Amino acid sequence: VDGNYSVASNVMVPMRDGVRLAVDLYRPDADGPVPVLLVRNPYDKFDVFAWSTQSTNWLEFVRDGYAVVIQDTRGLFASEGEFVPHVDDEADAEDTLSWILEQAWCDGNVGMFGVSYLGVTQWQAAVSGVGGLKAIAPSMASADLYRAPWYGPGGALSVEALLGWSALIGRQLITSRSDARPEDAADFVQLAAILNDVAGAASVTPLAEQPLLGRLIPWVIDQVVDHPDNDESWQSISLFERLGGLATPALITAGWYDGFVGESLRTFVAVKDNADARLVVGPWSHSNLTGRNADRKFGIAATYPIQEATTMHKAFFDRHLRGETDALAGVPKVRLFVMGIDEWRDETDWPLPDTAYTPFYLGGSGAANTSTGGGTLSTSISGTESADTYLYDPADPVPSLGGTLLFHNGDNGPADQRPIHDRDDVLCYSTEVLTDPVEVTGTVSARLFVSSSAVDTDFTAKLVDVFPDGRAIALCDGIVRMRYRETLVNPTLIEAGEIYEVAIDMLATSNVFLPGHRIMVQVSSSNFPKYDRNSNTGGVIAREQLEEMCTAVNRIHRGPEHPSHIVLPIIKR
């Protein structure tokens, strides 16, 4: 009967190596075989409520005649084997898809959907070239694990993401244990302590010493902390280069304040020529999909629209798994929440056609240090060769406030920056108060002319919307670790005092700066614990003791000969 279904729990699916993974089957009451959707989940297939509010009302898919299969990944919960992040997911997905294809109840069309880890696994599934896989819908995900979430395009470690997540997995490994252990109760409490104070846990040096996390999940050191370069151990699990080869439709969801935003958007750009790609980007962080934040509210329309997402996914799967060629009529290619005007808007492509990548140059009379310095931003090249200078001290890094934080205060993306404005290592450059709106929608980057007293250091840039009431709301940011200025693969040190021109990848945003506001840029050399602090030594940063580390006198050059600037994706419509 249409609308009706049954659920089979713990159906055991064998992999090529003989290890069995557990799945639940949500199957519609139907005569024949049906199209099937797969979700690969490290957080207990039973616990459907934990992730689904970030995704879709997917029981609707089942009431509409799709089967849904939810799998425990290798070594977790009801599945056999050993858990190690990422490394088995390609082969386990491929084996799972073949098994589904072979079933009486599968009509030979298979899709996937899901958020975060349930999104990353979909790219891993898609690169196996299994013909029966017709569509994916990776939400808040990445096809390159180095670039998101563990490191980034700037070559700094996302220490808060790493510790927070590892603590979360650790806690799961315990609550679910095969045979319960004496140390469990106390370990559980310690992992909670990390989660209640991620910045504190990230502060312990050497970073590479993790007695609890390294024991519970060795991968934390063996893979992540020990591999600061984008080396073969990373490329081995990276899917990105293979994406151009694909012809798989993808429904891609991202958030402006989500740790994966940079990489989600890249996946859209990489697939859009070869197959039907769709993009949806709201003002969300990884753990906050409400549209409400401490000092910034986007309105109820900004709240993750779970029912509309469901309708959209259903239309998408109906088109690609059911051959219903008109299912996506009236559905835009790209849908974006444009902040400032705080409104959803349709677009024909991403990047937007007609994007004017516009330089805004750093200038001003006298020191730019602090928000009451004289730093300016202007579309005109600065008149005179100046330089702003500050001391960066690893023992006192600029604290992270909003942005794409994941676990450490990850529920306040559009954070007010006023608490860090009076600091001397935060350089501020702002436009005059605007009398006309300025839409900035696209990827964002900075070109800075810099020098350091040290042989390595970091530089950060943050785009800020300054409100008339005083609120200075974070929009997007990035970092470059100087050793990785040219390449993430073969780092080289720098000469003290030599001027370098560096690119800072600041991910992306969509904001209208309204009349009465200013456009601002904060420049510094740290953003902790979003990124781990550079030791300023040229050493292996994660193996260094705080006391071993150096301070750095860092300098930003600006003027006609050194035209440092942020490049803004200006839209005029």
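Note that residue numbering begins at 1 and tracks the sequence as displayed.
The deposited model assigns a higher average Cα B-factor to 201-209 than to the other stretch when 201-209 and 403-411 are compared. Here 131-139 and 233-241 are compared by their mean Cα B-factor, and 233-241 comes out higher. In this structure the maximum Cα B-factor among 35, 32, 516, 529 is found at 32. The top Cα temperature factor in the record, among 296, 462, 322, 286, falls on 322. The entry lists a Cα temperature factor for residue 571 that places it in the middle third of the chain's modelled residues. For residue 182, the recorded CA B-factor ranks within the highest third of the chain. Only modelled residues enter the ranking. Ranked within its chain, residue 507 lands in the lowest third, by CA B factor from the PDB record. When the CA B factors of the chain's modelled residues are split into thirds, the value for residue 303 lands in the lowest one.
In this PDB entry, the Cα temperature factor of residue 82 sits in the top third of its chain's modelled residues, the highest group.
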